[PDB]
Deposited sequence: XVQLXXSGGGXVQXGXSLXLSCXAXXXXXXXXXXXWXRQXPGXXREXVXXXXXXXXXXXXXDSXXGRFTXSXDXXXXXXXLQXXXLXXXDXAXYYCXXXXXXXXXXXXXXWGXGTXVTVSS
């Protein structure tokens, strides 16, 4: 199987920044897209295989960015210009379909991000 663990949440002021990490075990993730979702289930972002690009929801486009460290079996969500409505549980999931159809069969348990002044 596949085990995912999100970390890096916290409590920040509006306009602040946080960097989430999603560490994977049980499988090497370099062949698979990794997606972020949130329960403010809203799609946030996906990092496909290196070279295949990153894609974003319109609610976070230009504020949030994903990246990959496949050697650490980890993906990241850099969250900038945070807003109160970004308060949510953030989940990562692996797309087990290497052709990218969104077969999200393994999920992390989620981590809390709260934005308040």
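According to the record, no C-alpha positions are given for deposited positions 41-44 alone, numbered from 1.
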